[PDB]
Amino acid sequence: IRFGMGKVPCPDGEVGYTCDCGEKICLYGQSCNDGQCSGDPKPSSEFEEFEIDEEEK
Amino acid sequence: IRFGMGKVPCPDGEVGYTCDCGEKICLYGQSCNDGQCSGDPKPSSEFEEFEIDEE
Amino acid sequence: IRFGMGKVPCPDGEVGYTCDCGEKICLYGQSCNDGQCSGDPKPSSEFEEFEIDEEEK
Amino acid sequence: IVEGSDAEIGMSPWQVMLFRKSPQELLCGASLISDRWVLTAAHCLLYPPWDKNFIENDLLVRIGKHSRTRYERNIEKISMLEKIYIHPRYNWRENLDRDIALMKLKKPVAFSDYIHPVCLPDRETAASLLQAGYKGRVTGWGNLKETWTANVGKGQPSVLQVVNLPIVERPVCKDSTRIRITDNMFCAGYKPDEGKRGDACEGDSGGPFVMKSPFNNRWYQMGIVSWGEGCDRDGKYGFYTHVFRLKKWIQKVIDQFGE
Amino acid sequence: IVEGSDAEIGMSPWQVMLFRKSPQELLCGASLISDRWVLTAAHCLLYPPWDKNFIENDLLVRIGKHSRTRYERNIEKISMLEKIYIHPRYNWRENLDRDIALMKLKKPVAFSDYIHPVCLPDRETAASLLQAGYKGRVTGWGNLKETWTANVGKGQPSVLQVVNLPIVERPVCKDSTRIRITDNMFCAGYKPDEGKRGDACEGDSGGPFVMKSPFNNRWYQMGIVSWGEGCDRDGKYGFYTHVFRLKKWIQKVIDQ
Amino acid sequence: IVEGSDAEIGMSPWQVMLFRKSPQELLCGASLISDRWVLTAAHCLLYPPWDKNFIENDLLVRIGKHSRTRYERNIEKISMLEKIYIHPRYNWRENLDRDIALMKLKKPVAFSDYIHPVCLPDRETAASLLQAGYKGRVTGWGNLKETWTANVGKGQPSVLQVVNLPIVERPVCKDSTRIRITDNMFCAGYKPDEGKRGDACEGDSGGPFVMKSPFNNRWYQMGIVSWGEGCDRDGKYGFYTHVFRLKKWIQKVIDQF
Amino acid sequence: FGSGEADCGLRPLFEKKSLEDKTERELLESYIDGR
Amino acid sequence: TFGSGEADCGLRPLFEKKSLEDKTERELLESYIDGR
Amino acid sequence: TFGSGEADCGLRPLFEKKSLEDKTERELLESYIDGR
């Protein structure tokens, strides 16, 4: 996937997935209004990753 | 080994090995005392090899 | 052995053996230091040799 | 591939092309890793922003090709997919993290001079080769450039292109973009100072990033073409999926779903 | 190597490095001739005027190297020596006549893409390749410049250097050095009147002088960097141990 | 030999070359006096100032040579030394008196057309021959000049050199050097005004000064090249050891032990 | 079994034939050098 | 098959063994045998 | 006779035994009288 070429356009408002707006890449968790991206990119869960899976020993 | 660069300088007298004296190179059996190399070379080597044999 | 040439270099002072000084020959004892020597060599003797001891066969 | 050259017949016998049945099109590139398994980048199969959600019954695996269009009558073998496994932690949001997937073939392929697997990095090989400065080779049929003059066709190479690129140091990849860069990705490309250049591009995605081990003369796959900003852009760098880190998973699926 | 260029990766697999244990220092170059036999110049081991007489335990041999300093991990091969064999009639007092010596390795080094033995000459080839004009190849990690106390240079090379030098007709060699020349030696180098220039220098000693036989595309070792006056000086040439002439001895220490 | 000439093949069958093993080099000359006994000068084996002090196992004896360097294959014989007897009165300290030595070969040398012993002089052949004016022959592969120039010529000879020198009158010998003379020595060489010149030189030491008795045509060894001042200097004369005198010692030690 | 890779990484047309593709050496030279 | 030891000596695995020639190699060969 | 063994010394087999005269020889003989 190649960003920057407007191939993945952000929906007006809070982009739910990382994408490009004007020419800037709005990280998941921001809202862009035309040529401008404002927000606080800190999603994708706040809880750290862990291991579990059905590998019962 | 490379001579000419004072890496192998020899002492005064009968230079027991080819050396770099002042600027010149002295030969085995020759001699030098700072101001030039004086004397006649030995030689070794010139003498055709041999090996005493019989049975 | 050849003297005069300088093949037998002389030690400054003492001269334990008849050496070659600057060029003039300096006999045993005649201390050399480039500019000739004491002029007086020695030891020395004038009595005629003789035999009076066993050492041979 | 941008700023590349035509590949040699059989110089990349692992290159696989993901073809869409209908409409016929080149979807992505891929790498043969065994006789019945193909490694590729998950985003090719699943990307909601592009309404992407392929079923194994929607793709064809073309192996041993060279011409981007010619049907290599007795050279290329085409295999159908039996099943697809996209990494369960595929984060297509936020940063395309763990962009990796495995496709099983309904029938094992018969290798040849044109069909041969690439090795997955072991550990020593990984630690030895993955370093700032060492070069890797990318191969693909993807777009020749970002954008060009129409007339001829704006792009699309006629034969597999190939370009060698150096591994760039982490801080640099990180400073080259604002997308949260994870440990499961690395970047490759020439720094603006080097007059040499080149990069992967749209359509090269999924393609391998192979390196050749001096210690044993074998070709190992270090990365998978994942994302980047434009193609061959001054300052930006293309990021490849750090295969060796996902190796644990690759093995797991393979072992439980086959051998 | 004065006026040389960095050698290509693996363009000289026989090149060996004589490394001193402590202090760590590069002593000489050498060349792999059999899986366990290395060849080097005698003066690299025994040269009294420099308090040099290296016992078979004072050195180390790093085979298959390209970089001088760095430790090419799974590429180079560091081997220990079992015994040093210096030529019997080695005349270090007069002109380094018969400046040849062999070193036996504790264990036969497995060959790789970077480690391969060179072929020793034979009467035929030797007689066909050793001619004034014909060029040879010198290789080594020694001084890039003679480095005079004023001429600011970098000195040590970063990577192995290689240089191609033409063999010079005996009389010109004879006529250039005041040192007595012998049949066990031959000189190479560019005549002042020519444009190109280059030569071996301190640190390259022991390095192999090789030529490629166009009769079977193989590299034959014709000489060993022995002695010379200064480095790359106008008119002076470098002297190399005439390997082929000593083949009898080289062979004798082995034979069967 | 300064001012000499190439010798004829076999004209001095007793001329021996004292050769050094390692390094290879010419040490001195000598004379075969028997199938296993060689006579040489003491200083060629012992002379502290130059650090010379050899052992039988470090020297070689090349008998029947001609070319100074070439290994004369089927012609020469190269023997090893068993024991070296030096005179217990070798005065290297001040006089170079009794400068004489004998070496015993490990194995006898088979004589040939090129190897034959010289005769030692008897109490009267000595008396009749050792007389001022009588000429003797000195041979050796030594230096051609005191100090030679290279390039347009060399210094060391190619083939054995021969030269005839007249025995000089005692008083002149004495008045020619500062080095005290003795009865155990004699000097030879032409006087300045005589015109003709020549003299042994470095590398000729230990060489024989032989003469031919008109009484029987035999070649007798009267002297041994010992010391001198320079080489071919106008005014100096070479000093050779008086063999006939030290003979009493030689014959004694020839019965050995 | 299926997965084995006993010959993985060895191209039949090149590695098996002591033949290198044009740019192959460029990787080797990017390795042993350090610049 | 016989001979003695390393018959394949002098043949470099990264050049001769793969039909490759180092830059200056030609320079050597010319001196030996050149055109005119 | 006595002496110390074999009496054949001083006789060059290449000259004396073959009745030949080496160049310089003649000069030594003349020195025993001529001069006075």
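The residues of chain F that appear here are 364-620 by Swiss-Prot count, in order.
Quick check of the header: X-ray crystallography, 3.1 Å.
Cβ from N, Cα, C; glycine included.
Database features, via Swiss-Prot:
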type	residues	note
DISULFID	F:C391-F:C407	disulfide bond
ACT_SITE	F:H406	active site, charge relay system
CARBOHYD	F:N416	N-linked glycosylation site
ACT_SITE	F:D462	active site, charge relay system
DISULFID	F:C536-F:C550	disulfide bond
DISULFID	F:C564-F:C594	disulfide bond
ACT_SITE	F:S568	active site, charge relay system
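Sequence-distant contacts (6 or more apart, same chain, Cβ under 8 Å) of F:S568 (active site, charge relay system) comprise F:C391, F:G392, F:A404, F:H406, F:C407, F:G505, F:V588, F:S589. Across the structure, F:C594 (disulfide bond) and F:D462 (active site, charge relay system) are spaced 19 Å apart at their Cα atoms. Proximity to chain C, defined as a C-beta distance under 8 Å, is registered for the following recorded positions out of F:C391, F:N416, F:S568: F:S568. Under DSSP, F:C550 (disulfide bond) is assigned to a strand (E or B) in the three-state scheme. Listed in sequence order, F:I530, F:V531, F:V535, F:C536, F:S539, F:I544, F:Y600, F:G601, F:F602, F:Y603 are the same-chain residues six or more apart from F:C550 (disulfide bond) with CB atoms under 8 A from its CB. According to DSSP, the residue listed as 'N-linked glycosylation site' sits within a strand segment.
F:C564 (disulfide bond) sits 21 Å from F:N416 (N-linked glycosylation site), counting Cα to Cα. Cβ-based crowding with a 10 Å cutoff singles out F:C564 as the top-ranked of the recorded positions F:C391, F:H406, F:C536, F:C564, F:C594. A straight line from the CA of F:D462 (active site, charge relay system) to the CA of the residue listed as 'N-linked glycosylation site' spans 14 Å.
There are 24 other Cβ atoms within 10 Å of the Cβ belonging to F:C407 (disulfide bond). There are 10 other Cβ atoms within 10 Å of the Cβ belonging to F:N416 (N-linked glycosylation site).
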